[PDB]
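Structure record follows, encoded as structure tokens.
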Amino acid sequence: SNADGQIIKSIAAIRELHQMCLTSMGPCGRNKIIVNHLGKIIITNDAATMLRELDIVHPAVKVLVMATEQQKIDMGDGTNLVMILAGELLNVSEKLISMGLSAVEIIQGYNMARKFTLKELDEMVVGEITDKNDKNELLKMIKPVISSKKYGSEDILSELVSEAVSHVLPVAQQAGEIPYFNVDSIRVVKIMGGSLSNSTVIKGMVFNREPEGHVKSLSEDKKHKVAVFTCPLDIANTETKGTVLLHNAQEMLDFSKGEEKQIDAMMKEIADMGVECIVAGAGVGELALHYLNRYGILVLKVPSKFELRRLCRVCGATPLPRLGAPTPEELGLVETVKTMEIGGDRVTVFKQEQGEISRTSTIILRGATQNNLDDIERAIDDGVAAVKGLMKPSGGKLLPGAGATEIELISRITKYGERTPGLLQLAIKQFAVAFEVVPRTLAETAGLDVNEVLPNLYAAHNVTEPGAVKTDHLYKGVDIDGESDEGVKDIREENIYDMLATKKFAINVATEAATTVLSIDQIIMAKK
Amino acid sequence: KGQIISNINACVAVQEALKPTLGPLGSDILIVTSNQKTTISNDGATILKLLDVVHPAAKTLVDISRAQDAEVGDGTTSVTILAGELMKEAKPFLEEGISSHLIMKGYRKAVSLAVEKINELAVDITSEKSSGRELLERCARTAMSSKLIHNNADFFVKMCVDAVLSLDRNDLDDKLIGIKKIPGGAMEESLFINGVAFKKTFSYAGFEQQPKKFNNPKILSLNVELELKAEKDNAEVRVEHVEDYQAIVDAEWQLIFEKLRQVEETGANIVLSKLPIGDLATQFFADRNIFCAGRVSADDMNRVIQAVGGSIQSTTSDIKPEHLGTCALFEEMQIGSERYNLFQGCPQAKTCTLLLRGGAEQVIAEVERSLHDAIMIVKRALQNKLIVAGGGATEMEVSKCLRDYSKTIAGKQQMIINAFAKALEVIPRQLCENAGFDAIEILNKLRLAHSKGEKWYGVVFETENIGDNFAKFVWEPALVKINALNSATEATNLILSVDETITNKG
Amino acid sequence: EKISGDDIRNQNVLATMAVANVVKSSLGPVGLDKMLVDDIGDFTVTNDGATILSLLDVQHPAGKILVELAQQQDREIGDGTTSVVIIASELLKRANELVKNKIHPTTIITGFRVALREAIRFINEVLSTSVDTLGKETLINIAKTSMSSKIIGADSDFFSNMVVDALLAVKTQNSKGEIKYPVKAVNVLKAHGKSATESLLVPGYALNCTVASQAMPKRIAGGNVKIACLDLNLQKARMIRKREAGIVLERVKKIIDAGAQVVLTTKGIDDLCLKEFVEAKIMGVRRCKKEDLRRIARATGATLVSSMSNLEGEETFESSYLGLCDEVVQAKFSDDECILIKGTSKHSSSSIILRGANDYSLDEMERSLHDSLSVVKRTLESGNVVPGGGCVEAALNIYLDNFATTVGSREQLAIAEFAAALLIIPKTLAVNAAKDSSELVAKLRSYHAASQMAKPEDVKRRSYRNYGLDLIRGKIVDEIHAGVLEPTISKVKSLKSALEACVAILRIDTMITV
Amino acid sequence: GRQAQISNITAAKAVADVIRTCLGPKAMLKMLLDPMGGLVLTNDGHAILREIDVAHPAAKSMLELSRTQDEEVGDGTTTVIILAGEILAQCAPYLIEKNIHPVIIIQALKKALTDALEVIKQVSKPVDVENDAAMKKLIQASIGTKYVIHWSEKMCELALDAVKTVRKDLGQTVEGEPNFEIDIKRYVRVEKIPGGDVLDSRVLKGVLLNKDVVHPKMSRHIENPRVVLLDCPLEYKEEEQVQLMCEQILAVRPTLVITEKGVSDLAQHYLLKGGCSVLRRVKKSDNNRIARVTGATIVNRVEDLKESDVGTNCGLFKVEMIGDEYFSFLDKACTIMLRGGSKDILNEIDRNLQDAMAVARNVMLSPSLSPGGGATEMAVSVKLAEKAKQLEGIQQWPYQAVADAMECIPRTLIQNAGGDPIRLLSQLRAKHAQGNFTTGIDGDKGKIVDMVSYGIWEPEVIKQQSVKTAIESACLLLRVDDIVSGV
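Protein chains in written order, with the deposited numbering: chain Q, 22 to 549; chain H, 23 to 528; chain a, 18 to 256, 273 to 547; chain g, 17 to 253, 276 to 369, 435 to 590.
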């Protein structure tokens, strides 16, 4: 019942899990170790992945989990930010509940402050991204997304992602109707051993499987014919019935000798057309590997059927459900097929040079630690996901991050509090206080004192200027310090900012996340 | 902060097991695997691999040891002790209010300054005041000192240096040199073998033949079983005729005679396989001077392919004539009431074998592992020309320089770097305690001459005293000291960065 | 019950730790007070840590040692009651790691006794005679910190120059060349003639009184003048009428005969006695204060005599009670009337005229001035002083680093822990100062580390000493300019008594309670 | 540890929890359960707190500070505790969760107290201290809801005559200036006189004694009696010794003789022929007031009695009986004579008149008035939000928490009003900006209205001492971070 503080118990249960997400965002934050049910330690910065592995029967927590999926799917950033904003709205609302304020004015107060905040976001944009897609220009948007994970490696990993995005985007001008970037077209590989400086950017899909045959790689001639066969290699049979059975020993000689002549006849018809590569998605027999060595055909196997759909858009080959029909219309062309040593093992690399432009790219990564390669691999997928948000719907607009905008918006929210009469004055003032948790967590995770960073941010953004036009610098953020002497510095010097499409979309998600929790005054479940 | 403190004791518990195993004179730990097999070793790698600790931070110290054993292979024990020592130094800092984030930040600046000092202490020297043969011989006597073999170490160094020189200096591996234990006999009578040798577990008949003197025997690999015996399957054949009872026992001898005839036409004088060879063939091979040995391990058969360049064929039909190989000379010794088979004079052999003799099997096991520590010093001498002074020399100076550089640094990083410099004192400590010397007296006496400006002063492992390891011939490569500070810091940064431990059962 | 081994040793450390954690809040003037409740239910509120340990009820053998430690400190000096307990308790805290290191407790005690006597000579290089008296004044900031809590602290900058100059002229040898500063100097008189910034200093003694008849000159006998202090009145008083006038008539004739040019009467002077003083050029004074003539007799070398009890003799005892004064002058005081007395044989007393908005504030400034002067007088009373605020603990930490290597024999680890044990005092003060303790303690060691490198070379350029800690402003400033000084006598007795109480604790390996 | 700091805030909340509804004229009645079976139904806030048994030691400190304010002023006792109690509530998350140093909070309250007194001086309005009609509505706060409400017209004349008589300007910058220089203790001390009427009660200036004549035949009318004071009475220190002591007094031939102690029958015949009345049984405490209204020097031995004594300024000798008891009327001091129809009525007027004159001096000391009914508490909180933006420091967070505690006093009257507290506090805060802090709270109705009509005003010294003691009481609780037990 409400006399026992049921609305407080729902907040207290989330407040105990609120401190977990407070240490997620930021490079100086902390990570949580979660043991998977398969007996493997999995750790990552992104909260949307950890919430899926954690089993929580609390429906109030699931409200923030479902709101987190909106930041993970529709956007490439803001998964850790929505958990901090929605979690703080429940704590600041305890002051209004203790005073006897109904949940109507609390929800109505956030709705009125939501339209006031979203309207001011258009004036917070100073510069606009021209979408040049240049290698140096893409480093501005990609760096803050790759940041707050594996601090210190953001300088080298910035050139790997920025180069892969330019390869996926085709060359076009004055056309915004047709989409270009694809999320699933970029696959990242990891191999133990090596160093970070040995990484590079290659156009294609790197195959780590063994060549399985005496032919390691093809020649240097352009447009290698590649055939993708879905049906496994076996003796030619009849589509109707055609079941092989054992009855008399006389048929045993025809079974062994029959498979040698039929398989050799099918490989001869394919080699006559000039096909130098055969891709078999299923298992390959032993007798098939002996004939491909004399014909000079590269052996390649792809056990994963998910990569066969994306392979058709790269080389141009088509899968054939039958076997023995080398249709020329289903054959692809690739310029370069070689074999290089990646991570200490010999692997066959699949790439190209100029012709047959493909949208599939692969970022090769190396490292000694296996757990560190998991976060870097997932950071690239979250880094390239922000490219989708660079399109016409406010993709060029930007706002200063790292605590610069959250402190500056406080002065604008408090100004509208006394301007709007009625009971909404209490909800507007508490709406700006809930934004003070973002700069506070950045100072705690960085080792800085709470009494230091907070008063310095207010004095930096609040000055007396005899004039209407604002002066000095409004870009002052939360500095990590740990260097130089004292004070903060301009965040624009490091080219770190929060994209407006990430911040504006996160406000609507954060308000609706805390609205559902505050609107539910009673819960009923069963023992499980 | 409660789970962080729990992770501190988890690292000390794992570190405590590796403390007595640090150093050549250190104690050995006994671990009983679930397989009920007794395993005793002082190498931290194998020790941590057999524990299989469910604790996430304790497993991190195990995973980082595998990376130290892969890229390098030396220092797997010291990298965990150094990594876990930072957990104890950072324990009182958490209660005082100092966050572990600034503590992890001070380590990145301390190691960056420590690696620069390692290259300054590494001096490349090859032909200066040293010869070609005496260079690797003086390095083997370092690991053999203060051991039961010190009296016989004069004869053991000659066999150790010849094992490395018998292989290409560009590619060297400790797994390429085979060692077989010979029970019984004198220790000083051991000899070195250029080829490959196995245990010869075949106990069956057919002795007194196949003498130890061969001219040019032909080696051929074997896959299937040459004997006609069928161990598993069978059949039921019965006739009702009286006179046919004789002829129904007489048949099967002809079956494999067809395939066995092709073996005689090849002329292979050596028969080896991963399966036990039947006793049927042990006679006629003596007439043709063909040698055969059964019950050979699978690991010893891989060295035969790399020796004479042989190949494994399934049947006796398609065997090619060029797959055969021959050695210069054969030798077989009956010492120890057991015959031992070994090959000699193989110019194409990529491996060798060193036989060891002693009074007991447990005595030789301590001699074999004491040699492995000397092999790594001889192997890394020719591979890497940059070496640093070990045995307390380098370890004490890295902690000294950080004390002076911390004076110019202001803020919490001063006491953090000083804590990292103090954490470096655990390495020389355990080396003295495991060797019997008092770690308290040496710690005070070593810091005396350490402040006189000379950075090469080490700790004598034979007689307790302070001095320079340059006369003790204690050499260590620079790649181990550099990668130890990076692997210990990276493993420590992952444990201190996790406040909450979550484990889901499935 | 009998408990031995390391189990009872850990209980003695945790017991002293629980007692020490209670008094850590009262350390320093910025510290926090506490309430002590007895079985009756009453309590008290005080910021003094000396009276806390006396009224605190703790049952423990080492707890009663700290009670005697606080009682011994108050009977000798009285300052550092909280500091001596924290230093003694810090050595017990660091003894935990020494047990696991297999360190014998005698070596721990022996290592501290060697470092205790060695640190005595280290203080001698620190302590020095009073200096920096030319080109600047370091005594102005000592009383400024004590006056910051009063209204007088705003104008204390202009008033500090007059206080320092007044205390330098009153310094005498006391008994057999002590060269101390007496606390009875600096006479206090309140008058308002002008604004607050116009207050002037009087280099000498100033008596509060009038000139009676103004027809006499205010300046006479510039070369030499003798002042006679007599409580006996010149006016007829009750125990024939005119007989009382004839008795005091001869007493006036003995004045001019003795040659006294200054007549001081507590009950006043009649008109007949004043008429004879005009023709003799002798300035009369009416209504003298009895308390003022007490210090004048010691300053001028006279003796106050109310009545003559010796036989029948009646006279002024010429040259016996006549003081020694070089000159007596009078100037216009702007609606004030006093008499200036300067240039005596031995005075050892000064005078200053307090001035303010009203005499009501001057009444409060009269008694509060003695509390402000007590800080400077008690500090300069001892000719041996050292800068406080953490300068002693920081200086000894650097000296014990290199000295621990020069000894050895298991004593290097004891000195290393004893040197770091002195850093708990500045760390505790930083907690009550709201400043980060890890920042102030670490940066303090960095300055003294490079300052001792060129110290034995007897040459310095940018290297300076006396780097302290300011709790008020939360910054690192020079304690000599800050005005925080403590005598060496309080330093030696604090460190010697702290270790003496720690040895008795470490020597008990068993607790037997019958 | 930190547990002792939590108990200090909890102990302060437990004490103020009782007086939450005891603030204001609408305060309800409380029932105190005694272990002996008795109950106390009085609604007086400070009268119940003395009987409250408390455990935590900080609760006893709030009881001693409330007793000091109860002696100086009659009201505002519960105001200080509620104002200081709500400060620790708003600063509770700042001290623990925000990890703010306690001295910073204490130092912020010291700077906020200085700015709070400046706002009180600005919102104050001038008032005429010499107006007798203006003092009627002021003192009425201590008049109404009492038995003196019917005689309030006559009670205002009795209080103003005693305050204006003993006040002395003496303005100057030399020795310091007390404003009107009022002394309540010695001069305003009231002695209840039985019999008489309240309407005819007047303020007497002098010393009054209820003792009658010690001789059967004596003149009941004396032109100008001269008061003679003495220490040792007339008796053997035998007939000549008593007469010798009388000759020293009769040397000036006095017409009146007042003896501190008793007088023997032997001394009555000696002073009978001298034409002087004998009056014995005089208290020692009243001897100091007699010397000031007469001028006779108090002397121990009779032989040392000075002739400087004067009997001037003596109104009447009339001994006429009033209330079946013989009185004496001698009317830089005054003596308030309360006459009524019984002793129970005079006993209630005593405490009521003393509390009425205490509030009367509060207006005389500070010639300014402050709006009541939560108007002053709300007007200061408005100014705290404006000055909080110009501080720019770490003290800004605890400084803004003061404004939340300043609004608890007007919210207290709303909790007793019965309306929506959130709805009223939202509209009331906006009325002070454009209304020149003229918008108060009406207790009887409960609708927010201006105070210009009803004209409810209170002196400034009560508002100054309320916010000054609250800061000293709130900071003192934060000064003790640890509590120990034992002798």
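The C-beta atom is built at its ideal place from N, Cα and C for all residues, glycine as well.
**Report entry** C-alpha gap between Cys33/H and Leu528/g, whole angstroms
**Finding:** Roughly 58 Å separates the two Cα atoms.
Report task. Out of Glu377/Q, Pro232/Q and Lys244/Q, state which residue places its alpha-carbon closest to the alpha-carbon of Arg367/Q. Result -> Ranking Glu377/Q, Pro232/Q and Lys244/Q by Cα distance to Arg367/Q puts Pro232/Q first.
Report task. For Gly101/g, decide whether its Cβ has a neighbour in chain Q, counting only Cβ atoms nearer than 8 Å. Result -> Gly101/g does not count as touching chain Q.
Query raised in the report: Any contact of the stretch 106 to 116 of chain Q with the stretch 531 to 539 of chain Q, i.e. 3+ C-beta pairs under 8 Å?
Result: Touching, yes, given that three or more Cβ pairs across the two stretches are closer than 8 Å.
Query raised in the report: chain a partners of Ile586/g, CB-CB under 8 Å?
Result: The answer, in chain order, is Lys51, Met52 and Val54.
Query raised in the report: Using a C-beta cutoff of 8 Å, does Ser473/H count as contacting chain a?
Result: It does; some Cβ of chain a falls within 8 Å.
Query raised in the report: Name the DSSP beta bridge partners of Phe352/H, please?
Result: Under DSSP, the beta-bridge partners assigned to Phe352/H are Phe365/H.
Query raised in the report: Going straight from the alpha carbon of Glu175/Q to that of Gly99/Q, what length do you get?
Result: Linking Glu175/Q to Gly99/Q through their CA atoms gives a straight-line distance of about 18 Å.
Query raised in the report: Is DSSP giving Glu215/a helix, strand or coil here?
Result: Under the three-state reduction of DSSP, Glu215/a is assigned to helix.
Query raised in the report: Any contact of the stretch 131 to 147 of chain Q with the stretch 168 to 188 of chain Q, i.e. 3+ C-beta pairs under 8 Å?
Result: Counting C-beta pairs closer than 8 Å gives fewer than three between the stretch 131 to 147 of chain Q and the stretch 168 to 188 of chain Q, which falls short of the contact rule.
Query - Sheet register partners of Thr373/H (DSSP bridge) - result: In the DSSP secondary-structure assignment, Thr373/H is not bridged to any residue.
Query raised in the report: Can you pull the DSSP bridge partners for residue 260/a?
Result: Coordinates for residue 260/a are absent, as chain a skips straight from 256 to 273.
**Report entry** For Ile397/H and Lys494/H, the rounded distance between their alpha carbons
**Finding:** As the crow flies, the alpha-carbon of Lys494/H is around 17 Å from that of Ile397/H.
Query raised in the report: Looking at chain a, which residues of the stretch 333 to 349 of chain g have a Cβ within less than 7 Å of any of its Cβ atoms?
Result: Of all residues in the stretch 333 to 349 of chain g, none is placed with a Cβ closer than 7 Å to any Cβ belonging to chain a.
Query - Buried versus exposed call for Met166/H [16 or more other C-beta atoms within 10 Å across all chains shown] - result: Counting Cβ neighbours within 10 Å, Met166/H comes out buried, since at least 16 surround it.
Query - Within chain H, partners of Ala534/Q - CB distance below 7 Å - result: Neighbours of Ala534/Q across chain H, judged by C-beta separation under 7 Å, do not exist; the nearest C-beta is about 22 Å away.
**Report entry** Contact check, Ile544/g vs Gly476/g, beta carbons under 8 Å
**Finding:** In contact: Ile544/g and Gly476/g (Cβ atoms closer than 8 Å).
Query - Where the alpha helix (DSSP H) containing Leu111/g begins and where it ends - result: It spans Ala108 to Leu111 - the alpha helix (DSSP H) in which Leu111/g sits, taken as one unbroken run.
Query raised in the report: Hey, is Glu472/a's beta-carbon within less than 8 Å of any beta-carbon in chain C?
Result: The structure shown contains no chain C; the protein chains it does contain are Q, H, a and g.
**Report entry** Nearest candidate by alpha-carbon position, reference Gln485/a, set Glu472/a, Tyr500/a and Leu413/a
**Finding:** A check of alpha carbon separations from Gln485/a across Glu472/a, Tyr500/a and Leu413/a identifies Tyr500/a as the nearest.
Report task. Residues of the stretch 206 to 232 of chain Q with a CB closer than 9 Å to any CB of chain H: list them in chain order, please. Result -> Residues of the stretch 206 to 232 of chain Q that bring their beta carbon within less than 9 Å of a beta carbon in chain H comprise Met213 and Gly214, in sequence order.
**Report entry** Residue(s) in a DSSP beta bridge with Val271/H
**Finding:** In the DSSP output, where bridge partners are listed per residue, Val271/H has none listed.
Requested in this report: Tell me, please, whether the stretch 89 to 99 of chain Q touches the stretch 493 to 504 of chain Q by the rule of three or more beta-carbon pairs shorter than 8 Å.
Outcome: They do not touch, by the three-pair rule.
**Report entry** Those residues which DSSP pairs with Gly279/Q across a bridge
**Finding:** For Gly279/Q, which the question treats as bridged, DSSP gives no partner whatsoever.
Query raised in the report: Based on the DSSP secondary-structure assignment, which residues constitute the bridge partners of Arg387/Q?
Result: Note: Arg387/Q is bridge-paired with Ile212/Q in the DSSP secondary-structure output.
Requested in this report: Quick one: grab the DSSP three-state call for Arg26/a.
Outcome: Helix.
Query raised in the report: What residues in the stretch 41 to 56 of chain Q bring their beta carbon closer than 9 Å to a beta carbon of chain H?
Result: Interface annotation for the stretch 41 to 56 of chain Q against chain H: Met41, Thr44, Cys49, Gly50, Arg51, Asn52, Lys53, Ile54, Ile55 and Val56, criterion Cβ-Cβ distance under 9 Å.
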